[PDB]
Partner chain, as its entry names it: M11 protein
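Form deposited without its partner chain, single chain, as structure tokens, below.
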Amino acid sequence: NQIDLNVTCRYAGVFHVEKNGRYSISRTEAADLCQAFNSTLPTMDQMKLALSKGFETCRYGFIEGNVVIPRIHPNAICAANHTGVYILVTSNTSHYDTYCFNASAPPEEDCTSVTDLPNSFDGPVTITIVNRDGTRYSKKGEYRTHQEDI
């Protein structure tokens, strides 16, 4: 019973979380997942400020109100070569990665590793935070509050 959470650098508190190496997070799960990091889904303004500090990914993820990809450098296979916060407009499907926002993180680029999941609750899952540098933090718990996400 294991969940891998790949996480990034934070940029003005905003970071990306990919679950189990595939688009697998629902909007309800995303809010619960960010809550386990004492975080919330970023607002569009928070995400735009993170972008300005150096944040970009090549993956769709929830923010408050939309599913987006922050892009700095145009890449044909990431958000159809767009720059800025690219907003997904048309999709059949509901599961993506998520972004999270931690107000207590540093104001600009923070590329230290994540070493805690501070607000997970008691539960049976081995949750492993996987940093981009491969360092890992694991803890037994749960963060999903909606049965349909389990």
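Think of the rigid core as the biggest set of C-alphas that the two forms share within 1.5 Å after superposition. Residues that one form lacks are left out of the comparison. Residue numbers count along the first chain shown, from 1.
As listed in the deposited structure, the average C-alpha B-factor of 77 to 85 and of 101 to 109 is greater for 77 to 85. Mean CA temperature factor is higher for 113 to 121 when stretches 87 to 95 and 113 to 121 are set side by side in the entry. Of the candidates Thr28, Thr57, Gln46, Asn66, the one whose C-alpha carries the top B factor in the deposited record is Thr28. Per the deposited record, the Cα B-factor of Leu5 falls in the middle third when ranked against the other modelled residues of its chain. The PDB entry assigns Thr126 a C-alpha temperature factor belonging to the highest third of its chain's modelled residues. Among the modelled residues of its chain, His16 has a C-alpha B-factor that falls in the lowest third, as given in the PDB entry.
What comes next is about the form deposited with its partner chain bound, which is not displayed.
Contact with its partner chain in the deposited bound form, judged as any non-hydrogen atom within 4.5 angstroms, is confined among 47 to 55, 109 to 117, 87 to 95, 29 to 37 to 87 to 95. Taking non-hydrogen atoms only, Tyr60 approaches its partner chain to within 4.5 angstroms in the deposited bound form. Under a 4.5 angstroms non-hydrogen atom cutoff, its partner chain in the deposited bound form has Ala80 among its neighbouring residues. Interface residues of 103 to 140, taken as those with a heavy atom within 4.5 Å of its partner chain in the deposited bound form (partner not displayed), are absent. Rigid-core fit between this form and the one not shown: of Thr28, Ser91, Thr43, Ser52, the one residue whose Cα shifts 2 angstroms or more is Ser91. Compared with the form shown, the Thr93-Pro74 C-alpha separation increases in the deposited bound form, the change being 3 Å or greater. Compared with the form shown here, the C-alpha atoms of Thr93 and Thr28 sit at least 3 Å closer together in the deposited bound form. Remark: 89 to 93 is the one run between this form and the one not shown in which three or more consecutive shared residues have Cα displacements of 2 Å or more on core superposition.
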